[PDB]
């Protein structure tokens, strides 16, 4: 199955450029910027989850970011 | 290992006497009446667990029976 | 009969691993995790015995653990 | 006959509707059907045979270990696999073990051992499946009348002598009509698939013995189990848990056999019926059936005769039976064609009035031999009553006495009734005839309330049932209200099931 | 030596009490004594032999039944005794059984059966008693200094080589002075009768295996037991309970063997030491002793030598050990009479200051062979440091690095300490030297509080200990503030004993 | 030399702590040591070779399936085992499947299938272990002076010709004294076992490529893994999860190969160094070392000469380098013995005064050839300045201009400094000489605070680090309570590690 956890977790750090430096910058972002363009929905109802959670301004915003961010994820 | 679960759980019920009728009457009791004679202790401190649990008369007694009874249990 | 009391009561204690170390860890638990999967019932009515015994929160919970625990065993 | 001494007795006297009486049969006991106008018929179950069983899983009672070997790759490697890990059939356990320097290699922190041993079972225990199809039954039945009391128990001629018949009942045929020659034929309908509660019972064999096991026992047990479908060579599941590979703070990892378990399975099985078998087929003995007995065609094998002359003698003297019936042997030296025998239980002397039920139906001695025997039995009353036989001045009488009366005979019948509810439930409403509301709802309100009690409670028995039982009865006395009504009753519900004994 | 890889390590700092250092020994581990007055001496226990055992009781693992017979006297008539009731050796059980009528005799109420069977045991299990007298011990000990690292584990010489010595300790002689030739002799005093906690342990044998058993187990078990004192022929006690004579509702009373129990005793024994033998004497392995080591006469053999010339070249490269010590092999090609070997763990390069303890004492290569080996080991400081060997320009160095420091090395030492309290209790205060108050009362306040905890609690382990343990910790959070002081602590008391693992 | 264009530059000013200067080396960059007591020495790391690796586990990149077969026993039945379940090497999965009626057997209820397939790997990927022992290094070093600028990069005179020595450093020898003939010898001490952070890196090979992997990655990955110790034939662990045996809903259970994964492992590896190898050995390139350079014996070879006559010409014209240094080639046609070359960076000419550091040490052209070249380099001040060569009326000058000054040169040096903290941490304090408190505690307060940050945080990088980073900086602006003092800082801690790039 999927598996094959991402070695980025423990990232060997030295001067020489690591395995994929280039793709590693946008690889976490690009996934999200797609999955939203496919489904606008989870954003549209996200605020509902937001406004009913934490109920203060920023403290109620961090959800609407955390939700739409955990949305395109499988964890 | 042990486990070898006791068929008494689902006891086939009919007129003919079951496998061990005789030993099945005292087999649950005799085990306790030994283990106490070996250790008086768990009884001696049992009340402490009792008197600090439920704190009313009978409602505090049912513990001191439940404890000294779960004392000789593997589960 | 059964009885054949478990030597675990007085457990000879020294550095060398005892007779069955491995099975001795789950042997008390595994028995319960079976007997419930066979009968959901004694759990379902347990709360009734609970809520009518000791009648306070935790003090009424310790029963529902003590009962479902004394349930699967000759004790 | 096939009755009397059996001591587990059921009298059924409700021959109302067109012979619709419904009866339950238990390998322990027997029920006698006594109906006005119909000779009293004795039914008893004998042996329930099961045939065409199939094997399901199996186990290893006695483990045996063969060749122990090991290797170790020293710190920093993986566990060097022996060849013995590729053959299955070998237990293997990979553990961590210190190999310090003179253990042969630097890095004194922790290496790995892999020990393996060939694993070959000794003896075995093989479950078998029992399906409602290819299930049989055997019901022997006999009719009182007066045959020779020495014939009370015999089989040599279960299809000729007297009025005995051996009835088979198997699924694809709930009905069997037993033709008892000259008495007509007793219509008999039984539900084979229902009563015995099969499909939940695997048939189980240790060495040269047998049992029955509720599933969810035999399906879950922790021993090595062969897959059961192929006998060519064992390819085990499990393997472990009859073999404990254990080590001690050192270079060693040892392995132990465990010395069978055969004593465990025995001491484990409890509340499992014993069983025996005569080969491919096997004969349980625990009875359960629901038989609706059709009494329709039964001819009185004693009508239109004279009364046998005077010449009656007792042989062996009368006796008392169990529930209180009395048996009598009488040898009529009267030389006559097969003839009717007068018998009356009379309380008193002179004007002999009939007192108490005479249940043999009509005793008729059939022989020309001029010396014959007939065993007739009857239930007189409590007060010192007479048993009387004959009509001529040569008649002979005996005095006989019954113990209890009225409320006496009710309690003993109220206990046995509840005994049926105990180890029967549900169908225990099936003695009563026809469709009676109280009997209709009787099974009705019971089956629902029953199953719920067969789920919520139903964990265990003996010191398990009584405890959870006894604690409830406490709730009945203490507490406040509401539950105080249901709980204090529920205790009795449990305690009674514990009071079966 | 007899150390390093063993991975259960105890370092015992010197004792300014005149070689009065007291040490505990556990068959698992070993303690190394480092004392400036001495070369570092490695002590380890090996095998505790028990001899001259005697038999106590015995049991029958596997029952066997022979000849089943019975008779019955009919109603009014005691239970007719078979002849088989006069020989013992036969199980017999007298029960009540219905014999009605054609069972051969009137009075159909209840008679009596007496069934009997010859009872002959198969295999056996025979306990044996172990007494503190005729108890032995074996302590092998060795001294680091200079010696072929390949000799770290060997026995060929136990009476020769550099200095190894095999010391015996048995009751009637708590002391033995081990003479390691040229190092003097290590005064050694041990209490044999105290440590191992015997007299409570019967030595037990199933078929070809062994164990140890706390009494009040082996004294109380429900099986047939031979009286144990005479082997001529078994005259059993018990003799029921491995044989169940049972019968349903009929004319029969049957009898069953039970198919040994040999699997039960195994699965029954838990927390029981397994002991191997070899004839008349059995070698346990679980160590316990309290040995007060007298370091009085130990003569360093590495004093008054020169410094071995230049020609030092490591072999096997260095390595890290367990608790953090480092070992080194060095082959000094330069050949002379036994020459002292300079070694310093240096925190720099230019001016080499001694950094960190060097514990081999004084490494001295003894050979004239011009090529020799010496295994010296040392524990350098936490940070990066050099291991250095030699004084001439030809000296060779190695860089080595330690993981943790300070608070790091304390926790790991604070766990093992508490581990001792867990496995020993009581005597676990015996590492510290002399009479120190804190050590004096240390065993003092512990032995009293301990035994009370060895009585009140002490029922069981695993899921037994944790439960009764965990529930107490609840009482600490709740309840008043007067008892939650002791209770909330007592939980930790239990949980820790469960956290040994 | 071995410097200039490299563009990752470190200048270390030193000649105090008796040449105790300590320097870090990174395969990317090089550090030049300028010390008045010495000619300026150029150090650079080249290749770190690893040899004598051992195999640990392995995996299967590409699965292949062979022979699919199955059988089913109908209704309840110990899934009939194929022979293929006894050989290992076969995947098998036992599932429940409806076989109704014309599926061949009654109770079209739920039966069981057992499907099995031979499983044979294709290609493979085999980890390998790297141990600190048998680890090497290669440090090439060279000395400016004035050799022919065309020789700036060459490896022909690795063992001869002016400054150019190839130093090996391997564990069992932290030190090597590099003798540069005529300049004396540069004392060099390095900690091989410390810097590179090995023992956490398995060496990994896909098909014809290489990597490095932090353990707790390569130890945990979900593919079939060979045990790695024996190459005879694979006896796999796992063997599922590269094969999905799945079914639909009828009578079939199918099986799929999965089409290797070789693309996954690549796309999985991220932040893993690339690596290459020649045979049994392999050459990483990522530098880390802590080298304490002993500058003790360095003899300037340019002392006690005259000044080379007048006849200097530029060849290729000057140029600017990176951090701002300037290089010059000069061809002195002056025919003389090896002679000293005057060079001064002058501010105007109102009074020929030395301005700005001249770092070649003393350029000395060594040839008799009457036409020679010397590459000397120097860093002039910020403002416009002249580079001047010679002391005769034939002297030739060049005008050269530097960009920034003062605060300009600080920021660029303040970024690279923090760059080191980012890429190294810990040892990044090791440039500074001697024991300075601020440098002492510098590594001191860092190593503690550092490791805690290497545990609490340290999950991931890129969009992982920045997020958890950015959110903290929010808490600094808001909150209320003091912790805000720590959080608003901790953000910078994270963001900087994300700002390395």
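The letters A, B, C, D, E and F name the chains in turn, as written, and every chain counts its residues from 1.
Operating definition for what follows: a residue touches a chain if its C-beta (ideal position, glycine included) is under 8 Å from a C-beta of that chain, and two chains touch if they have at least 3 such contacts.
The chain list, named the UniProt way, goes like this: D, E, F = E protein.
Highest C-beta contact pair count among chain pairs: D-E. With each centre defined as the average position of its C-alpha atoms, the distance from chain C to chain F rounds to 57 Å. Centroid to centroid, with C-alpha atoms defining each point, chain C and chain D lie 33 Å apart. Shared interface positions of chain D, defined as residues touching 2 or more other chains, are 8, 28, 216, 220, 241, 248-249, 261, 264-265, 267, 285, 459, 463-464, 471. Multi-chain contact residues of chain A (touching two or more other chains): none found.
The touch graph of the protein chains shown belongs to none of the named shapes. Chains that are in contact with each other form these pairs: A-F, B-C, B-D, B-E, C-D, C-E, D-E, D-F, E-F. Considering their complex, residues 4-8, 27-29, 61, 98-103, 106-109, 149-154, 206-207, 209, 248-249, 256, 258-267, 285, 316-317, 319-322, 327 of chain E touch chain D.
Interface residues of chain E facing chain F in the complex, by the touch rule stated above, are 314, 317, 349-350, 384, 386, 396-401.
The touching residues of chain B, when paired with chain C in their complex, are 1-3, 5-6, 9-10, 20, 23, 26-28, 30-32, 34-35, 38-39, 53-56, 59, 62-63, 66-67, 69-70, 72-75.
Of all residues in chain D, only 54-58, 73, 76-81, 85-89, 129, 133, 225-230, 232-233, 235 touch chain F in the complex they form.
Within the complex, the chain B residues that touch chain D are 1, 3-16, 18-20, 24-25, 27-29, 58, 62.
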